[PDB]
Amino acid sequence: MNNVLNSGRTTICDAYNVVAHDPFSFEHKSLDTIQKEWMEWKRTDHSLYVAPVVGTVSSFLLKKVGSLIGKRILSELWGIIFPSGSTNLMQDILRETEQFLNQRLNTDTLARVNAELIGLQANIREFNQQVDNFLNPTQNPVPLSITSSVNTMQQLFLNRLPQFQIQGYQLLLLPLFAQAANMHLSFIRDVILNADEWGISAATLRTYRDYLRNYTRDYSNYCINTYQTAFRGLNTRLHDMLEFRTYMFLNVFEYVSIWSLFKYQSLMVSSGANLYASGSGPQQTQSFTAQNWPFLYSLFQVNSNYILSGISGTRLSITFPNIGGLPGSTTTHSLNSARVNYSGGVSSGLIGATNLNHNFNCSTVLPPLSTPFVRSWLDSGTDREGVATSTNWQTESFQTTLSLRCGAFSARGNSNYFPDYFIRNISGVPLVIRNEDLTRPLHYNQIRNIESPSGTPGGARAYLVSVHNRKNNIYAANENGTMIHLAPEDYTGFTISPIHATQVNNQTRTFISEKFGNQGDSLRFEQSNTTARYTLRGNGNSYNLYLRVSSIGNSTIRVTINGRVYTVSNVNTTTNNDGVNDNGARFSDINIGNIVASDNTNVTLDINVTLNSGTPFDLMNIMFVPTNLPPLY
């Protein structure tokens, strides 16, 4: 079979109602539809005070880069972020950010920011109108002033952006700055891709190519540094730590991740960074700091390259009679143990108690790729009634594209879901994670049981985490249970997350490393001669294979595909990089060579890395680009 990759728990609903799933639903969706979905999401779902427009803009940028037709971004972008010239969406982003962070700008900055929003909107509209008017006279003369309009707009961007980086409020203004950075970088890209059409000189063109790279670097690093500084000061419960990340990833890093890809055209970003959700409620009490994060995300991405089928676990419903003279009773619905299941018979490590038999299995009854999970309920809580009757409850429930729902207990509380995002993985944590675990991050697909310290388990508790990602172009499950990537139907480029491998050796020495502007995390090889295999469903087109990597030292890359072996020696991004410092990595796009994505064929891509210097190697992105579309720089 194909996308109808099978798995299931029991609940019926027949194929004649959800038998077909579109692996390119996002790409096949119009922007208006996407905008409506985000608006509806805002109205009815658990937004994190996130302004829905951020979702529309990111989706919009993804589509511009994903299609050669997206030569001009600024005009339409302006129409989305400044609807009919209104600054209300930007004003709301700031205000919802203030509410989310519980931080407020002083009166002076507020006033200046507002004036800058008005000016930005005006200046940008003026530029686009001048361009249009020039190409099709219908107003003011505006001679060969396009180059003149470009020079003015550019300087105006440089004068305004800094106002969204005010010391004392850098994190609070980060979402706004990201939107403004979107406008400036989009502007620069427009000049480049419309150079001939706008009468741009060769000298100006060359300068703007450097602008795209240099400003992407400055803006990217600024965003990453601002967020990292704030993240290091965190000390909060899991739910809040994850939401802080989600809020910033949706408002800021989705953009940072697309900026360094503006240099490409007709490149379908098949997936981006994950969004992790955990439950709210009084039960999940452990507090975490940034030092604990590496462990947490290394755990949440276990078996990320496999196809999620469902979970098994131990749910208990105990209602002991109330004694001591009091009336009523006390009930507790809990999930004491859990384990996530995947295609190929693979499972994650146990979560919670390791000495209990599971009494239930929750999965996508139908094929896991046909009706994947998209929404989860993870909140806990306590209900009280009568005089002394109480009920402690957990949810740990999931629902598929088909309204099929399953889990430990009835759904209630906040549900976790994001438009065009699928729950591609599930994880969880026990009531208390031992410091011994927090101090030792898991390696790639490491299977380790995460249970409460002795004197706390026996029955313990399991609190699940849903992993949301846009990833959808999955042809089917490979024979080993992993993802087979589906190439675009037409001659469009596409990416493959290094995390979605068919298989990787030296797994104990290979780790997933967090990234902020890499459309997902990277794969760090710490052992020389490690090979990562990827499998994709070709479309018969030829592409130039580019590997986005970071190597603070020398390394050798050996790529085997189509019976061809490409060797790139002396790979070192210490100083020869695009300038972006992403959590220590300094990426560079290595042109491996021309490859053929054999039609209706499962093509294997083997990436072997030699760690000459002994220093780790970061495999950050795999991108196939149309051979006749070289990068802008």
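Residue numbers run from 1 along the displayed sequence.
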Review point. For the C-alpha atoms alone, is the average B factor greater in 147-155 or in 478-486, going by the entry?
Key: 147-155
Check your understanding: Comparing 494-502 with 552-560, which stretch shows the greater average C-alpha B-factor in the deposited entry?
Key -> 552-560
**Study point:** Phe360, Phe288, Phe511, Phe295, ranked by C-alpha B-factor: the highest one
**Key:** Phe360
Revision key, fill the gap. Entry record, C-alpha B-factors for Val191, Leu234, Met248, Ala388; the maximum is at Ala388
Point to revise | Third of chain Cα B-factors occupied by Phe587 | key: middle
Study note, to complete from the structure: For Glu37, the third of its chain by CA B-factor is the lowest
Review point. Comparing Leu619 with the other modelled residues of its chain, is its CA B-factor in the lowest, middle or highest third?
Key: middle
Exercise for review: Place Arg440 in the lowest, middle or highest third of its chain's C-alpha B-factors, as listed in the PDB entry.
Suggested key: highest
Check your understanding: According to the PDB entry, is the CA B factor of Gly593 in the bottom, middle or top third of its chain, that is, lowest, middle or highest?
Key -> highest
